[PDB]
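What follows is a single chain, given as structure tokens, in the form deposited in one PDB entry.
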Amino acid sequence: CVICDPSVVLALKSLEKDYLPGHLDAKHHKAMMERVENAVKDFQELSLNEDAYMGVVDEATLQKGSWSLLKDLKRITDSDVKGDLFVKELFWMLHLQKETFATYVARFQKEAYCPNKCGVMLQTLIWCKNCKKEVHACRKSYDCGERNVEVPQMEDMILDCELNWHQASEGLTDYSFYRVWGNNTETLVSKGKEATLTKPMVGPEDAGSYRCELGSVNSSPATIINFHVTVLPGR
């Protein structure tokens, strides 16, 4: 999907206009950029066993492909090779980088494709065929889990509602920390773009059960976590 990157096509324009003249006969100049640009546009068409091929990536993965690719092209041009060898090395490289990029696209589906064990993650994906963006809703468990927090008295209580994938989700509203009781009622204790609720000098009254809802834009919360806090008198 690499050609979906504005910098690759720049490197190609500069490749033809600035590197092709000095090092390639013009009898073969526009006739080669065809083969090349279609070899780049073929990165889209891959496959690797042990999985299918979603035909989709993320910015994080596109940037690796583009980088890893343009680095070696830079190796090529830096060498100043210019014969009927230039056209050999260029495409050997063009094969190998297809391999490497294929590995990248594998790691992406295996690990970074909807990596939430719970909640709703809005993940920006790029369709490789048409180089176009869509926001994909990754849906899993409603409530992520339950945290058991034990804290000694006079220590600081720290409730964390942040997960490894919140920094990568989108359309996120604030974190809200509510307080639940027997009253059946609950009072919002905190609300902001801080993923943690810290209450200093915890007491027997601070113990109980809290809840954290990470809001999303025009939707249900991305994450809900229930904290069960209990207090010890040690120290």
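Quick note: we count residues from 1 along the sequence shown, nothing fancier.
Just so it is clear, the following notes concern the form solved in complex with a partner chain, a form of the same protein that is not shown.
Of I158, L96, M154, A137, the one that lies within 4.5 Å of the partner chain in the deposited bound form (heavy atoms): Exactly one listed residue reaches within 4.5 Å, namely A137.
Position in contact with the partner chain when the complex is considered in the deposited bound form, options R147, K88, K110, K129, heavy atoms within 4.5 Å: The residue in contact is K129.
Residue contact check: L197 to the partner chain in the deposited bound form, 4.5 Å heavy atom: No - in the deposited bound form, heavy atoms of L197 and the partner chain never come within 4.5 Å of each other.
Proximity of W92 to the partner chain in the deposited bound form, heavy atoms at 4.5 Å: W92: no, not in contact with the partner chain in the deposited bound form.
Contact flag, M54 vs the partner chain in the deposited bound form, heavy atom cut 4.5 Å: The answer is yes: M54 has a heavy atom within 4.5 Å of the partner chain.
4.5 Å heavy atom contact, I76 and the partner chain in the deposited bound form: Result no; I76 lies far from the partner chain in the deposited bound form.
Residue stretch of 96 to 104, 119 to 127, 77 to 85, 159 to 167 approaching the partner chain in the deposited bound form, non-hydrogen atom distance within 4.5 Å: The contacting stretch here is 119 to 127.
Direction of the Cα shift between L163 and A60 in the deposited bound form, where the change is 3 Å or more: Compared with the shown chain, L163-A60 is farther in the deposited bound form.
Cα-Cα shift for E50 and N130, closer or farther in the deposited bound form, minimum 3 Å: Residues converge in the deposited bound form, at least 3 Å closer.
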